[PDB]
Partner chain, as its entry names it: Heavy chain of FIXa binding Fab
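As structure tokens, one chain now follows by itself in the form solved without its partner chain.
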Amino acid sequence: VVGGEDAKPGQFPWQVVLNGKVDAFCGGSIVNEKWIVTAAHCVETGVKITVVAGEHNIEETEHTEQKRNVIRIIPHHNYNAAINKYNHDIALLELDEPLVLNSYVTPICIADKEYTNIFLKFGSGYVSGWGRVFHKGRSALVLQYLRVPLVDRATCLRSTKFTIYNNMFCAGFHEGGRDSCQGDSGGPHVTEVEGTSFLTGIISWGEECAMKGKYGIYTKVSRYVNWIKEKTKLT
């Protein structure tokens, strides 16, 4: 996250980091003890991906961390990189062993299709991750976060020569400086509602980072709420 702030331990206990070919290549959010929602483009075949929850400092030991293996990966059925790189950019990772829940490992809430949209329209959501902190420099030790404003759709279409689909929304500041970035992908866009945060988006892509006129593009979770709940059921 460019222009973020250091998260406190326990401040975003639904956040997870993903390890694969390199550590912390992507982020995620906890749906429940057995499932993690992330971005589909983070899934490269052949790669064993390890999920780590209860993480705050990516190179120290908090003794709040829980590490798990991903036994099953379900990218959205409409997602296909060869047609569009970031349309339907959402995926579920099933963990081998359930996470044990506590103040550091807590799920993100997911409303229905309607209330997820309503909550999106509140106009402001917290974005988080261990991705790059400068446009081209270095990845983050401490979990960064940023509260991004919803950008209007017409305004967003004007910003880009690329195709923003109805499965996407845009968030960020008109005059740059502060944004999500490379490595943050798959992390949550949440909306807080009277103390309770709700998943409203997935961090997905953007043209450069924190640059003026260029907004972050997030997966519109409301359009995938029914899917997430079908696939992540517990028994």
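Positions refer to the first chain, counted from 1. Each form is matched to the other, and the largest set of C-alpha atoms that superpose within 1.5 Å is called the rigid core. Only residues modelled in both forms are compared.
A second form of this protein, the form solved in complex with its partner chain, is not displayed here; the remarks below concern that form.
Checklist entry - Among 159 to 167, 136 to 144, 91 to 99, 67 to 75, which stretch has residues whose heavy atoms lie within 4.5 Å of its partner chain in the entry with it bound? => result Looking at the other structure, the answer is 159 to 167.
Checklist entry - Which residues, if any, of 100 to 120 lie within 4.5 Å of its partner chain in the entry with it bound when only heavy atoms count? => result Contacting residues: none.
Next on the checklist: At 2 Å or more of Cα shift, core superposed, where are the runs of at least three residues that differ between this form and the one not shown?
Outcome noted: This is the sole shifted run between this form and the one not shown: 44 to 47.
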